[PDB]
Each structure stands twice: as C-alpha cells, then as structure tokens.
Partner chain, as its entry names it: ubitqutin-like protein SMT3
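Only one chain is included here, represented as structure tokens and corresponding to the form deposited without the partner chain.
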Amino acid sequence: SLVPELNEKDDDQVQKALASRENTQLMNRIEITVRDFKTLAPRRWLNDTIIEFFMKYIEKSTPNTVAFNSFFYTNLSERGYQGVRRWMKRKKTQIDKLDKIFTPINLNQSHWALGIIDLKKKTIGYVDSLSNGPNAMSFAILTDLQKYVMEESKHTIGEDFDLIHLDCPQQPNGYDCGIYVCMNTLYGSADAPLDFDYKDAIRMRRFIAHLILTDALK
C-alpha cells in the first residue's frame, strides 16, 4: 500500500523525462537536474540529491518529524556535534518536540543505510538492506546518533535509549540501497512494519520520480 501505483499519464511523464536529452532543472525548491533524476532509472544507484529530495518530502508529509539529508551524518562524524549544532534550529523545532529523526547514511560513498531516532519509543535504530549483521560502522553510527541526541537536548534525553539493529527487507541486487532507505524512511514514518518487498521497491523509483515532476514540496 504506502507506495502507490502510478496511472498511465503519470508514468508516461516519468518515461519521457528519463529519455529526455536533458537540461538543468526538473526542480529547485535542493536543485535537481535530469542527470540526478536519471539515477531513478532502472538499475541505477541513487545519488545524494535524490535522497535529499525524499527526506524533505517525508518531513513535509509527516508531523513532528525531522529527516536530515545525507550530509548531516558526515559532518556529525567528522566534526562532532559542533559541526551540526545549527541543523536542528533550521528545522524550526526543538528535539524535545519530535517523534522521530531520520538520518540517511552513505557509507563510503557507495552503501546507503539508515538511522532512526525514535524519541517516543526511546530507541536509536540502524537499518540496512545490505546487512552483514552488527559491525564496526553500525556501532559507530548508533554511538554518534546518541551523542547527537545527548548534546542537542542539552543533556536531558538520550543517555538511556536502546541502541538497536533493525531488521528490514533485504535487497536482491547491489544498487537498490538508496531506494530501500527511502522505503524504510517512509514505512518508519508511518509506524508501519518493515515488511515491504522487492516489487514495492521498483514502484518506489517511479513514485519518487513522480513526486519530483509534480513539484511535490509545493
């Protein structure tokens, strides 16, 4: 359900834009080129730009929810809290008012995974559609995200959060990570079980493409 099926007109609009001998803008509300857009074509690794678009979409379509772009985690891990100290303020809310915070993570510029800070359930989750199991990078992500919550909250929350590895549907190929993160973000945003399938994942490409072309961020 959560990932709708496009009608013929809407899908043909995606087709035509993908075949597009291309320009600059498809959107600018985050600047998206047709080149970035083409990353939503089948068999293609999704770039940071597209993931940023989806995170923004989720924010706009989900009350009490912050969904940072992929650069948040880079700055946090490389510069610590001090490197990301204004990011929440730019969201026009305070951490104590939130339900959840989504953090897409691009490990080694190749491997897309997801961090979910659930302030109501008091958990920090690591979600990976290419999971080997708990490893050093996942442990560091969880550590860093807790450190964030501890700092951002002026040391009022986070210290007692459960640091977990969240099972999710696993991908059948080596390039759909970006998409699985989007889906985990959507499903998580709806408090739905992570029980989507690979067929759902294919629809997601067309969905996000549609959202871009319809200027879904108004």
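Numbering follows the first chain given and starts at 1.
The discussion below concerns the form solved in complex with the partner chain, not included here.
Heavy atoms within 4.5 Å of the partner chain in the deposited bound form map, among the stretches 137-145, 120-128, 74-82, 93-101, onto 74-82 alone. Although the partner is absent here, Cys177 is a contact residue: one of its heavy atoms lies within 4.5 angstroms of the partner chain in the deposited bound form. Remark: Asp48 counts among the residues lining the partner chain in the deposited bound form, judged by a heavy atom distance of 4.5 Å or less. Not displayed here, the partner chain is approached by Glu31 to within 4.5 Å at the level of heavy atoms in the deposited bound form. With a 4.5 Å cutoff on heavy atoms, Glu59 does not count as touching the partner chain in the deposited bound form; it lies far away. Although the partner chain is omitted here, in the deposited bound form none of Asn64, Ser153 and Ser189 has a heavy atom within 4.5 Å of it.
Residues of 85-111 lying near the partner chain in the deposited bound form, listed in sequence order, are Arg86, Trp87, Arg90, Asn106, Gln109, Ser110, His111, the criterion being any heavy atom within 4.5 Å.
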